[PDB]
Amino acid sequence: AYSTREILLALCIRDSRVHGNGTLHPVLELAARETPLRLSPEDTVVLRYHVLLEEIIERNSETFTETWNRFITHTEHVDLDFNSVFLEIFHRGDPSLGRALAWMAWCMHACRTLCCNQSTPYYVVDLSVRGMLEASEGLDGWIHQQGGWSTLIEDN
């Protein structure tokens, strides 16, 4: 199966290739080496999720823009706060398909906004990718109960 870390990272890379000038942030490329990403970002399962997550982003663009901007401008430890936010949604609340998709979409939007802005310090991209990827490991148990990332979107 695919871990949430793999799939989210594949998604950020995939999304990178269909935005901007297509180039890949060093922080992301290094993440693909260190995880190590075995899932291709051109994998059909990544293609589906990428289209879905972008649709969720569009439908909720004002919300995603205001929440992300508020988050990144007031954080003093963005990696820790990724874990804090996740916690509110998924430990102090029950996980659902809805909540999982919103979380993934929000993380992908986060990574796009950071990396499409060349004035963004590397350490910020570094801590943000670190944060969103560890917090997202928390879904593994739940989505495994649900049959995996591949099963969640394709069958139904």
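Sequential numbering from 1, following the sequence displayed. For the two forms, the rigid core is made up of the largest set of C-alpha atoms that agree within 1.5 Å on superposition.
With the rigid core held as the alignment frame, decide whether 57-65 or 22-30 lies farther from the shown form in 5 other deposited structures of this protein, in terms of RMS C-alpha distance. Farther from the shown form on average in 5 other deposited structures of this protein: 22-30.
Please tell me which region, 37-45 or 84-92, has C-alphas lying farther from the displayed form on average in 5 other deposited structures of this protein, with superposition done on the core. After the core superposition, the stretch with higher RMS deviation in 5 other deposited structures of this protein is 84-92.
So 45-53 or 92-100, which one's hotter by mean CA B-factor in the entry? Result: 92-100.
What stretch has the higher average Cα B-factor here, 104-112 or 32-40? The entry gives the higher C-alpha B-factor average to 32-40.
Taking the C-alpha B-factors as the PDB entry records them, is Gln118 in the lowest, middle or highest third of its chain? According to the entry, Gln118 has a C-alpha B-factor in the chain's highest third.
In terms of the CA temperature factor given in the entry, to which third of its chain does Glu134 belong: lowest, middle or highest? According to the entry, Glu134 has a C-alpha B-factor in the chain's lowest third.
Check where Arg14 lands among this chain's C-alpha B-factors and tell me if it's the lowest, middle or highest third. Ranked within chain, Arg14 CA B lands in the lowest tercile.
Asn60 by Cα B-factor - lowest, middle or highest third of the modelled chain: It falls in the middle third of the chain.
Place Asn156 in the lowest, middle or highest third of its chain's C-alpha B-factors, as listed in the PDB entry. Highest third, going by the recorded CA B-factors of the chain.
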